[PDB]
Visitor: 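Can you keep this structure in mind? I'll have questions shortly.
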Amino acid sequence: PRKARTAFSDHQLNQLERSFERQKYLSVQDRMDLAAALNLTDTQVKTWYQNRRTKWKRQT
DNA sequence: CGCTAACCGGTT
DNA sequence: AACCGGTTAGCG
């Protein structure tokens, strides 16, 4: 038992990245706000950020 | 295979 | 609870 892999839209990717470039971490409220803006689950966004930070430490 | 979303166990 | 680091796994 495992969740389907989410397919982010160009719009979702773009806004997630934009948010990352602005803030490296999100407060719970900032997360919920972003999830609501992009029609995503809180956890999808939480996970995105986390994986994005991982990528960020690799590439620096 | 490369990129990356999702999961697990441990850190704090 | 959130993050981290390592791991598994979907898909172009």
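Every chain is numbered from 1, with letters handed out A, B, ... down the list of sequences. Note that these values count all heavy atoms, side chains included, but never hydrogens, waters or copies made by symmetry.
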Visitor: If only atom types and distance count, is the side chain of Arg53(A) paired as donor or acceptor with the main-chain N or O of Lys24(A) below 3.5 Å?
Guide: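 Side chain of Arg53(A) to backbone of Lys24(A), a donor-acceptor pair under 3.5 Å: yes, one is there.
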Visitor: Looking at DNA chain C, which of residues 31-50 of chain A put a heavy atom within less than 4.0 Å of it?
Guide: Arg31(A), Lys46(A), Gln50(A)
Visitor: Please enumerate all residues that pass side-chain hydrogen bond (donor to acceptor under 3.5 Å, both in side chains) together with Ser9(A), with sequence neighbours excluded.
Guide: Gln12(A)
Visitor: List the steps, then state whether side-chain contact (heavy atoms from CB on, under 4.5 Å) holds for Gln50(A) with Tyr25(A).
Guide: CA-CA 9 Å; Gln50(A) 184 65 242; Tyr25(A) 299 78; over 6 Å; no
Visitor: Under the rule for side chain to side chain contact (heavy atoms under 4.5 Å, CB included), what residues qualify as partners of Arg2(A), not counting sequence neighbours?
Guide: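 Per chain and number, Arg2(A) pairs via side chain to side chain contact (heavy atoms under 4.5 Å, CB included) with no residue.
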Visitor: Return yes if some donor-acceptor pair links the side-chain N/O of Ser19(A) with the main-chain N/O of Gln15(A) below 3.5 Å, else return no.
Guide: no
Visitor: Near DNA chain C, which residues from residues 3-24 of chain A have a heavy atom under 4.0 Å away?
Guide: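 Per residue number, the list reads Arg5(A).
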Visitor: What is the distance from CG of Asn51(A) to P of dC3(C), rounded to the nearest Å?
Guide: 12 Å
Visitor: What's the separation between atom OG1 in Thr41(A) and atom NZ in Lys3(A), rounded to the nearest 0.5 Å?
Guide: 7.5 Å
Visitor: Is there a residue in residues 52-60 of chain A whose heavy atoms reach under 4.0 Å of DNA chain C, and which residues are they?
Guide: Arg53(A), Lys57(A)
Visitor: List the steps, then state whether side-chain contact (heavy atoms from CB on, under 4.5 Å) holds for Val45(A) with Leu38(A).
Guide: CA-CA 9 Å; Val45(A) 176; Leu38(A) 306 186; 5.7 Å; no
Visitor: Checking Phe20(A) against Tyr49(A) for the side-chain contact (heavy atoms from CB on, under 4.5 Å) test, could you report, in this order, the C-alpha distance in whole Å, the side-chain angles of both residues, the deciding distance, and whether it holds?
Guide: CA-CA 7 Å; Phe20(A) 184 76; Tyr49(A) 252 81; 3.9 Å; yes
Visitor: To which residues is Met32(A) joined in a hydrophobic cluster, defined by side-chain heavy-atom contacts under 4.5 Å among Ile, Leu, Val, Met, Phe, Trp and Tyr, whether direct or through other members?
Guide: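 Listed partners: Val28(A).
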Visitor: Assess the residue pair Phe8(A) and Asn14(A) against the criterion (side-chain contact (heavy atoms from CB on, under 4.5 Å)); give the C-alpha distance rounded to whole Å, side-chain angles, the decisive distance to 0.1 Å, and a yes or no.
Guide: CA-CA 10 Å; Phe8(A) 291 79; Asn14(A) 214 290; over 6 Å; no
